[PDB]
$ cat my_file.csv   # CSV, C-alpha atoms and all ligand atoms
chain,number,residue,atom,x,y,z
A,16,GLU,CA,-40.5,60.2,48.6
A,17,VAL,CA,-39.4,57.5,46.1
A,18,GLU,CA,-35.7,56.7,45.5
A,19,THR,CA,-34.8,55.0,42.3
A,20,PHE,CA,-31.6,52.8,42.0
A,21,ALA,CA,-29.8,51.1,39.2
A,22,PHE,CA,-29.2,47.3,39.6
A,23,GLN,CA,-25.6,46.3,39.5
A,24,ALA,CA,-24.9,45.1,36.0
A,25,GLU,CA,-24.6,41.4,36.9
A,26,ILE,CA,-28.0,41.4,38.5
A,27,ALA,CA,-29.6,43.3,35.6
A,28,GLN,CA,-28.1,40.5,33.4
A,29,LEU,CA,-29.5,37.8,35.7
A,30,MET,CA,-32.9,39.3,35.6
A,31,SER,CA,-32.8,39.7,31.8
A,32,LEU,CA,-31.8,36.0,31.5
A,33,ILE,CA,-34.7,34.8,33.8
A,34,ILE,CA,-37.2,37.0,32.0
A,35,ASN,CA,-36.3,35.9,28.5
A,36,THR,CA,-35.0,32.3,28.6
A,37,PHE,CA,-37.4,29.6,27.5
A,38,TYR,CA,-37.9,27.5,30.6
A,39,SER,CA,-41.0,25.6,31.4
A,40,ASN,CA,-40.4,24.5,35.0
A,41,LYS,CA,-41.5,27.9,36.3
A,42,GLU,CA,-43.1,26.6,39.5
A,43,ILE,CA,-39.7,26.6,41.2
A,44,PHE,CA,-40.2,30.3,42.0
A,45,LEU,CA,-42.5,29.3,44.8
A,46,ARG,CA,-40.1,26.9,46.4
A,47,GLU,CA,-37.4,29.6,46.4
A,48,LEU,CA,-39.6,32.3,48.0
A,49,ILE,CA,-40.9,29.9,50.7
A,50,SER,CA,-37.4,28.8,51.4
A,51,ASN,CA,-36.3,32.4,51.8
A,52,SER,CA,-39.1,33.0,54.2
A,53,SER,CA,-38.1,29.9,56.2
A,54,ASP,CA,-34.5,31.2,56.4
A,55,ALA,CA,-35.8,34.5,57.7
A,56,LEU,CA,-38.0,32.8,60.3
A,57,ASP,CA,-35.0,30.7,61.4
A,58,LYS,CA,-33.0,34.0,61.8
A,59,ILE,CA,-35.5,35.7,64.1
A,60,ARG,CA,-36.0,32.5,66.0
A,61,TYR,CA,-32.3,32.1,66.5
A,62,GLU,CA,-32.0,35.7,67.7
A,63,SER,CA,-34.9,35.3,70.1
A,64,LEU,CA,-33.0,32.4,71.8
A,65,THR,CA,-30.9,34.9,73.7
A,66,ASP,CA,-33.1,38.0,73.5
A,67,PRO,CA,-36.8,37.2,73.9
A,68,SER,CA,-37.8,40.8,73.4
A,69,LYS,CA,-37.0,40.4,69.7
A,70,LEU,CA,-40.4,38.7,69.4
A,71,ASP,CA,-42.2,41.7,70.9
A,72,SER,CA,-43.1,42.7,67.3
A,73,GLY,CA,-44.9,39.3,66.9
A,74,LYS,CA,-44.5,35.9,68.4
A,75,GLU,CA,-46.1,33.9,65.6
A,76,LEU,CA,-43.7,32.3,63.0
A,77,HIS,CA,-45.6,31.4,59.9
A,78,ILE,CA,-45.9,31.7,56.1
A,79,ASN,CA,-49.1,32.8,54.3
A,80,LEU,CA,-49.8,32.4,50.6
A,81,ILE,CA,-52.5,34.8,49.4
A,82,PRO,CA,-53.7,34.6,45.8
A,83,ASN,CA,-55.9,37.4,44.4
A,84,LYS,CA,-57.3,36.6,41.0
A,85,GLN,CA,-58.9,40.0,40.6
A,86,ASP,CA,-55.6,41.9,41.1
A,87,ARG,CA,-53.7,38.9,39.5
A,88,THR,CA,-51.3,38.9,42.4
A,89,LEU,CA,-49.8,36.0,44.5
A,90,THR,CA,-48.5,37.3,47.8
A,91,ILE,CA,-46.1,35.4,50.1
A,92,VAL,CA,-46.1,36.7,53.7
A,93,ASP,CA,-43.7,35.7,56.5
A,94,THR,CA,-43.1,36.9,60.0
A,95,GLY,CA,-39.3,36.3,59.8
A,96,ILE,CA,-36.7,38.8,60.8
A,97,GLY,CA,-37.5,41.2,57.9
A,98,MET,CA,-35.0,43.5,56.2
A,99,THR,CA,-33.6,46.9,56.9
A,100,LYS,CA,-33.6,49.7,54.2
A,101,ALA,CA,-29.8,49.1,53.7
A,102,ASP,CA,-30.5,45.3,53.3
A,103,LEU,CA,-33.2,46.0,50.6
A,104,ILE,CA,-30.8,48.3,48.6
A,105,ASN,CA,-27.9,45.8,48.9
A,106,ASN,CA,-29.8,43.3,46.7
A,107,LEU,CA,-32.4,42.3,49.4
A,108,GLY,CA,-29.8,40.9,51.8
A,109,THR,CA,-28.2,38.7,49.2
A,110,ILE,CA,-24.6,38.5,47.9
A,111,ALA,CA,-26.2,38.8,44.5
A,112,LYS,CA,-23.2,39.9,42.4
A,113,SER,CA,-21.0,37.0,43.2
A,114,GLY,CA,-23.9,34.6,43.4
A,115,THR,CA,-24.9,35.6,40.0
A,116,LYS,CA,-21.4,35.0,38.8
A,117,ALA,CA,-21.3,31.5,40.3
A,118,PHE,CA,-24.7,30.9,38.8
A,119,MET,CA,-24.8,32.5,35.3
A,120,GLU,CA,-21.5,30.6,35.0
A,121,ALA,CA,-22.6,27.3,36.5
A,122,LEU,CA,-25.3,27.3,33.9
A,123,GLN,CA,-22.4,27.0,31.4
A,124,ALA,CA,-21.1,23.8,33.1
A,125,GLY,CA,-23.9,21.3,33.7
A,126,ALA,CA,-26.5,23.4,35.3
A,127,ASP,CA,-30.2,24.1,35.1
A,128,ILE,CA,-32.2,27.3,36.1
A,129,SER,CA,-33.9,25.3,38.9
A,130,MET,CA,-30.5,25.3,40.7
A,131,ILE,CA,-30.7,29.1,41.1
A,132,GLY,CA,-31.2,28.8,44.9
A,133,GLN,CA,-27.8,27.0,45.3
A,134,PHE,CA,-26.2,30.4,44.4
A,135,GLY,CA,-28.2,32.5,46.9
A,136,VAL,CA,-30.2,34.4,44.3
A,137,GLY,CA,-33.4,32.3,44.1
A,138,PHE,CA,-35.5,35.3,44.8
A,139,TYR,CA,-35.0,36.6,41.2
A,140,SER,CA,-36.7,33.4,39.9
A,141,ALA,CA,-39.9,35.4,40.8
A,142,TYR,CA,-39.5,37.0,37.4
A,143,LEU,CA,-40.2,33.7,35.7
A,144,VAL,CA,-43.9,34.4,36.5
A,145,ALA,CA,-44.1,38.0,37.6
A,146,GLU,CA,-43.8,41.2,35.5
A,147,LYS,CA,-43.5,43.2,38.7
A,148,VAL,CA,-42.4,42.3,42.2
A,149,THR,CA,-43.1,44.4,45.3
A,150,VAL,CA,-41.2,43.5,48.5
A,151,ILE,CA,-42.6,45.1,51.7
A,152,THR,CA,-40.5,44.4,54.8
A,153,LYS,CA,-40.2,45.4,58.5
A,154,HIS,CA,-37.1,44.7,60.6
A,155,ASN,CA,-37.0,45.3,64.3
A,156,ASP,CA,-34.2,47.9,63.8
A,157,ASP,CA,-35.8,49.9,61.0
A,158,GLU,CA,-39.0,51.3,59.6
A,159,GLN,CA,-41.3,49.6,57.1
A,160,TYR,CA,-40.1,49.9,53.5
A,161,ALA,CA,-41.4,48.9,50.0
A,162,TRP,CA,-39.0,47.7,47.3
A,163,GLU,CA,-40.3,47.4,43.8
A,164,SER,CA,-39.0,46.5,40.3
A,165,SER,CA,-40.4,45.6,36.9
A,166,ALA,CA,-36.9,44.7,35.9
A,167,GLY,CA,-35.6,47.0,33.1
A,168,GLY,CA,-32.5,47.8,35.0
A,169,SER,CA,-33.8,49.7,38.1
A,170,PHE,CA,-35.8,49.3,41.3
A,171,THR,CA,-37.4,51.7,43.8
A,172,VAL,CA,-37.4,52.0,47.5
A,173,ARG,CA,-39.9,54.0,49.5
A,174,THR,CA,-41.2,54.1,53.1
A,175,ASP,CA,-44.3,52.0,53.0
A,176,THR,CA,-47.7,53.5,53.7
A,177,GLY,CA,-49.8,50.3,53.9
A,178,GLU,CA,-50.8,48.3,56.9
A,179,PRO,CA,-48.0,47.8,59.5
A,180,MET,CA,-46.9,44.2,59.5
A,181,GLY,CA,-45.2,44.2,62.9
A,182,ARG,CA,-42.1,42.2,61.6
A,183,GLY,CA,-41.4,40.2,58.5
A,184,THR,CA,-41.6,40.4,54.7
A,185,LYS,CA,-44.3,40.3,52.0
A,186,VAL,CA,-43.4,39.5,48.4
A,187,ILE,CA,-46.2,40.5,46.1
A,188,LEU,CA,-46.0,38.9,42.6
A,189,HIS,CA,-47.8,40.8,39.9
A,190,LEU,CA,-48.3,37.9,37.6
A,191,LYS,CA,-47.7,37.7,33.9
A,192,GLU,CA,-50.9,37.4,31.8
A,193,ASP,CA,-50.2,33.8,30.9
A,194,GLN,CA,-49.1,32.7,34.4
A,195,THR,CA,-52.4,32.8,36.3
A,196,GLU,CA,-52.3,29.1,36.9
A,197,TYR,CA,-50.3,30.0,40.1
A,198,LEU,CA,-53.5,31.7,41.5
A,199,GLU,CA,-55.3,28.3,41.5
A,200,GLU,CA,-55.7,26.6,44.8
A,201,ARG,CA,-55.0,23.1,43.5
A,202,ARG,CA,-51.9,24.3,41.6
A,203,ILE,CA,-50.4,26.1,44.6
A,204,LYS,CA,-51.1,23.1,46.8
A,205,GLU,CA,-49.5,20.8,44.3
A,206,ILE,CA,-46.3,22.9,44.2
A,207,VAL,CA,-46.1,23.3,48.0
A,208,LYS,CA,-46.5,19.5,48.6
A,209,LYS,CA,-44.0,18.7,45.8
A,210,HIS,CA,-41.3,21.2,46.9
A,211,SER,CA,-42.0,22.5,50.4
A,212,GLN,CA,-43.4,19.5,52.3
A,213,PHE,CA,-40.8,19.6,55.1
A,214,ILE,CA,-40.6,23.3,55.8
A,215,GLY,CA,-40.7,23.7,59.6
A,216,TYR,CA,-43.3,26.5,59.7
A,217,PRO,CA,-47.0,26.4,59.0
A,218,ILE,CA,-47.9,27.4,55.5
A,219,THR,CA,-51.5,28.6,55.1
A,220,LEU,CA,-52.9,28.9,51.6
A,221,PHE,CA,-55.6,31.5,51.7
A,222,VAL,CA,-58.8,30.9,49.7
A,223,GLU,CA,-60.8,33.5,47.9
A,224,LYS,CA,-64.5,34.4,47.6
B,301,LIG,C1,-34.7,37.9,49.1
B,301,LIG,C2,-36.2,37.8,49.2
B,301,LIG,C3,-36.9,39.1,48.9
B,301,LIG,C4,-36.7,37.4,50.6
B,301,LIG,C5,-36.0,37.9,51.8
B,301,LIG,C6,-36.6,37.7,53.1
B,301,LIG,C7,-35.8,38.1,54.3
B,301,LIG,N1,-36.2,38.9,55.5
B,301,LIG,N2,-35.0,39.0,56.3
B,301,LIG,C8,-34.0,38.2,55.7
B,301,LIG,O1,-32.9,38.0,56.1
B,301,LIG,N3,-34.5,37.7,54.5
B,301,LIG,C9,-33.7,36.8,53.6
B,301,LIG,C10,-34.0,35.4,53.7
B,301,LIG,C11,-33.2,34.4,52.8
B,301,LIG,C12,-32.2,35.0,51.9
B,301,LIG,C13,-31.9,36.4,51.8
B,301,LIG,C14,-30.8,36.6,50.8
B,301,LIG,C15,-30.6,35.3,50.2
B,301,LIG,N4,-31.3,34.2,50.9
B,301,LIG,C16,-31.3,32.8,50.7
B,301,LIG,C17,-32.7,37.4,52.7
B,301,LIG,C18,-37.9,36.9,53.3
B,301,LIG,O2,-38.4,36.6,54.6
B,301,LIG,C19,-38.6,36.4,52.1
B,301,LIG,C20,-38.0,36.7,50.7
B,301,LIG,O3,-38.7,36.2,49.6
$ encode --input "my_file.csv" --output "structure tokens"
Amino acid sequence: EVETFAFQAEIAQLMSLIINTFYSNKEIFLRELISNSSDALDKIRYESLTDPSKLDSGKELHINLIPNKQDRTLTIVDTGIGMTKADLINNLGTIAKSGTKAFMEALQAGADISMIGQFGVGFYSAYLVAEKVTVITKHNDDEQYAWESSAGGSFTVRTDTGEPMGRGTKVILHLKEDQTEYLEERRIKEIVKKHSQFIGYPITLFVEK
């Protein structure tokens, strides 16, 4: 069963801005998603400090980057704390309505789209490069769910039928036709070293074929 939800109006406006504004520095999406994964890995690590059983669903703490040129997807996988169904629905664990306000305003002061993460809504920068985003997630206290949106004002949530991931989150970017440079090994490597060099978890870039 698939449930369909309307985005809050501020978030719809944020996504419409990101999708349609001329902005060439689109590579920042990858910094924001890796940074979110790092935050989520810090969270399960912190929680395991007092309850080691929270790592029963997987002790490895890492980030995988999986390009697939045939499907034209770039997938970011982490083994962080994951998100519950209620988290997913409430703007993927973000305070997105106020963060959008503080952002879509701060733009009016002296601000650039690349500062989106300072306002807690860096995830939505995925729509600089993706026409659709699927978020598959598993939190210790809930089942595995898939969130999906092609923007246009709505998103869906469903129980996920794919492979069990134990614990963590998978962001599948269905790339725009003219954004396939982010499937290229050298380009992903360049972005990671430029923006993510001091992330404290191993980042594995998968190769293809
Ligand atoms: C939001 C996107 C989809 C995303 C979320 C999670 C996730 N799993 N468990 C969590 O708490 N988070 C998380 C982590 C950081 C965040 C929020 C909200 C705002 N910041 C700064 C939520 C992830 O591991 C990867 C991701 O790309």
$ closest_residue --input "my_file.csv" --among "A:154, A:60, A:84, A:147" --to "ligand LIG 301 (chain B)" --atoms "all atoms listed in the file"
A:154
$ residues_near_ligand --input "my_file.csv" --ligand "ligand LIG 301 (chain B)" --cutoff "10 Å" --atoms "only C-alpha atoms and all ligand atoms" --output "JSON, numbers by chain"
{"A": [44, 45, 46, 47, 48, 49, 50, 51, 52, 53, 54, 55, 56, 57, 58, 59, 78, 91, 92, 93, 94, 95, 96, 97, 98, 99, 102, 103, 105, 106, 107, 108, 109, 110, 111, 114, 132, 133, 134, 135, 136, 137, 138, 139, 141, 148, 149, 150, 151, 152, 153, 154, 162, 182, 183, 184, 185, 186, 187]}
$ residues_around --input "my_file.csv" --residues "residue 27 of chain A" --least-positions-apart "3" --cutoff "12 Å" --atoms "all atoms listed in the file" --output "count of residues only"
24
$ atom_distance --input "my_file.csv" --atom1 "atom CA of residue 123 of chain A" --atom2 "atom CA of residue 35 of chain A"
16.8 Å
$ closest_residue --input "my_file.csv" --among "A:38, A:25, A:77, A:72" --to "residue 215 of chain A" --atoms "only C-alpha atoms"
A:77
$ closest_residue --input "my_file.csv" --among "A:220, A:206, A:131, A:89" --to "residue 191 of chain A" --atoms "all atoms listed in the file"
A:89
$ atom_distance --input "my_file.csv" --atom1 "atom CA of residue 197 of chain A" --atom2 "atom CA of residue 127 of chain A"
21.5 Å
$ residues_near_point --input "my_file.csv" --point "(-56.6, 35.5, 50.5)" --cutoff "9 Å" --atoms "all atoms listed in the file" --output "NGL selection string"
:A and (79-83 or 90 or 220-224)
$ closest_residue --input "my_file.csv" --among "A:163, A:205, A:86, A:156" --to "residue 190 of chain A" --atoms "all atoms listed in the file"
A:86
$ atom_distance --input "my_file.csv" --atom1 "atom CA of residue 129 of chain A" --atom2 "atom CA of residue 42 of chain A"
9.3 Å
$ closest_residue --input "my_file.csv" --among "A:76, A:189, A:64, A:180" --to "residue 218 of chain A" --atoms "all atoms listed in the file"
A:76
$ residues_around --input "my_file.csv" --residues "residue 69 of chain A" --least-positions-apart "6" --cutoff "8 Å" --atoms "all atoms listed in the file" --output "MDAnalysis selection string"
chainID A and resid 59 62:63 155
$ closest_residue --input "my_file.csv" --among "A:18, A:37, A:177, A:100" --to "residue 160 of chain A" --atoms "all atoms listed in the file"
A:100
